[PDB]
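Chain IDs A, B, C, D and E follow the sequence of writing; residue 1 opens each chain.
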Amino acid sequence: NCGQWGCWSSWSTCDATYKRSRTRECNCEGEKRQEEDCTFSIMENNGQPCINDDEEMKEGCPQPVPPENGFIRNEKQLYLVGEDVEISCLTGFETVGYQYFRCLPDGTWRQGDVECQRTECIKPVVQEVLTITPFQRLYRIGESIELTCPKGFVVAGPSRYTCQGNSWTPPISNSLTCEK
Amino acid sequence: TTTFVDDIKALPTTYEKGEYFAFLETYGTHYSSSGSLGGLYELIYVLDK
Amino acid sequence: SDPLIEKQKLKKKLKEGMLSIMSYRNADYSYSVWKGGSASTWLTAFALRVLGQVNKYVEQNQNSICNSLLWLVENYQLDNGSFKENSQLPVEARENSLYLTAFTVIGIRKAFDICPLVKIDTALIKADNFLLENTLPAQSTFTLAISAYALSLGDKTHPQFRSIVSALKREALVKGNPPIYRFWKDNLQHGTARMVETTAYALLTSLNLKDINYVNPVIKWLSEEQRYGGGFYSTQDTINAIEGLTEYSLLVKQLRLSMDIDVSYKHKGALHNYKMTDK
Amino acid sequence: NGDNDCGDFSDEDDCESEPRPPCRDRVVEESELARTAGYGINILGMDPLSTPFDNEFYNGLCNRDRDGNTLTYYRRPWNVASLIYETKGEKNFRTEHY
Amino acid sequence: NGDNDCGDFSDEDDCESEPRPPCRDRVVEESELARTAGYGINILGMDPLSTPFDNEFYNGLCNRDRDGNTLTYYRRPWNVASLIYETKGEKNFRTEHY
């Protein structure tokens, strides 16, 4: 049968923060304190799951090609035979006619008569300098809007333009770029 | 010092000889106005016949 | 135990929490963590979320929330639509800016239903424009998911919002064919589970779109997985997962098919009546 | 504040604030010296006993003990009022004859 | 202003201004010397006691103590009015016979 570290202490109560500590006594080389995390964030208990090693991103009637403005609800990969999905118009538009796509026995679709008419025009995303008058979320057909470059130098071109539901076509790269 | 100040603050005023006798043994009877650091040595021996 | 006693105890704990969150209110109506030395927008929006959750049950003073939102709109709102905080790789700055902006959008949208204001609506419009303009590049899964959720709390049928949702669905991770589990990973080709936040944000975004088939695999993922867990802050993700489970249960309760259809003529008698049930 | 009174980490159970040290100067702990100043001698018994009280606790700002044989700084606990390092020494002799 | 009176960082709790040093010259602290100048000797008891008062506090501009065996500068606290380094020494002898 022929300094050394002593026994560790009991784990202190889990504090409000993650910080939970345990202390060892040299009664030598080593550590006297060990601070670990604890929150018990997992409240649900169903069963021990089994995990794989690594996965990948990507591996009846198929997903149809929607009309203009798309916006197909409850998008799925495969639709059952006979199931009909309603399509809605993207803002800002409105559903006119018969808006339903029913799965044919074959891979084709019925493609009922439907269209989208613009009910309100949206605020332009041209540049942050506006502060465009008037400043709202949506504008009905017949309302005019005015954009300026504050506070000194301004941009030439159409200052006041209204939306008549005619698919506004302002420049997107060099829209205003008001120079001195 | 803070301890002596606290002791003087928590001190009676009706001639409490009991606590005063304890304070006396605790902080001495009288302090030194001037000292002399160093050290002394002496040896004596006596003979009689 | 009786449900009434537990409900009363929970109400008492909610009152204690309301007193606690009132103790964290500074004189400037802002919200701070340590004694109010510095002002933080993250904790402010977190407390705004908490107060918006409280709004639905007992009561909350509207005047204390309207001015609190006006403070942020006046100070922490950039002219571009971004949001920042005072209390403290070039693209990481923009990533953090978009994160704070989405967090503030979530907070203001949660606190907007009780205090409708024109200035708050203008701030929401500006922040939505910022998020729709600056989320074009693929920066991070977590930032993409939090921006998608912040935009789904508002307008859900925006073109750029649908593009962001499609990009997030393309960036989704699946397991099996058909996918049994669906989740999102922040790091590409990588207390260690950090993807739970973005998975919860994408779950909330999908629940805002009312798609049960797309939500079910994420529910299977968050029910049992390698989290163990396994989340941050906490409870930045814990409350998000609780809200996701709550919205899932609510939407399941929404699909009961108890509709009683009675079709009739305008100027004449009724033609027929339908009694719709689950069977 | 680095003030050990109850246990090793008992008083230091949880620290939300920064571990502010009470004193910056290097003062070596009282090793094998009068630190154990408690003694329970029996007038009817034998040599003094161990300490009947705690002698490691300290109250506030460190009180320097800049004295001793070598150049080293010791600590004086708040329970010990005073300690001197005087190396006094004396001896006697005597003898007689009858 | 680098004037320790109450605690290590008690008086230095918060400093909005710059930490202006009170003295630029290098003056070593009074190590194991008469710095502990308080003594509570008992006329009926025994050898002197420790210091009954604080002896580390200082008031204003450092008072130089440019004296001693080697070339070193010590500090004199505002409570100690004077301190000399005189190395006096004397001894006697005597004897007798009857």
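Following the convention adopted for this analysis, a contact is a pair of C-beta atoms (placed from the backbone, for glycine too) under 8 Å apart; a residue touches a chain by one contact, two chains touch by 3 or more.
Closest chain to the protein centre (all Cα atoms averaged), using per-chain Cα means: C.
The chain pair B-D and the chain pair A-C differ in C-beta contact count, and the higher one is A-C. Centre-to-centre spacing of chain A and chain D amounts to 68 Å, using the average Cα coordinate of each chain.
The centroid of the Cα atoms in chain C and the matching centroid in chain D are 61 Å apart. Mean C-alpha positions place chain B and chain E at a centre distance of 20 Å. Centroids built from CA atoms put chain B at 81 Å from chain A.
Shared interface positions of chain E, i.e. residues touching 2 or more other chains, are given as 6, 33, 40, 48-49. Here, these are the chain pairs in contact: A-C, A-D, B-D, B-E, D-E.
Considering their complex, residues 2-3, 26-27, 45 of chain B touch chain D. Chain D meets chain A in the complex at residues 8-9, 13-14, 16. Those residues of chain A whose C-beta lies close enough to touch chain D in the complex are 9, 12, 15, 17, 19, 21, 23, 25, 33.
Per the touch definition, chain A reaches chain C in the complex via residues 18, 37, 39, 41-42, 44, 46-49, 51-52, 55-59, 70-71, 74-77, 88, 90-91, 123, 125, 128, 135-137. On chain E, the positions that touch chain D within their shared complex are 6-10, 30-33, 35-36, 40, 47-50, 56.
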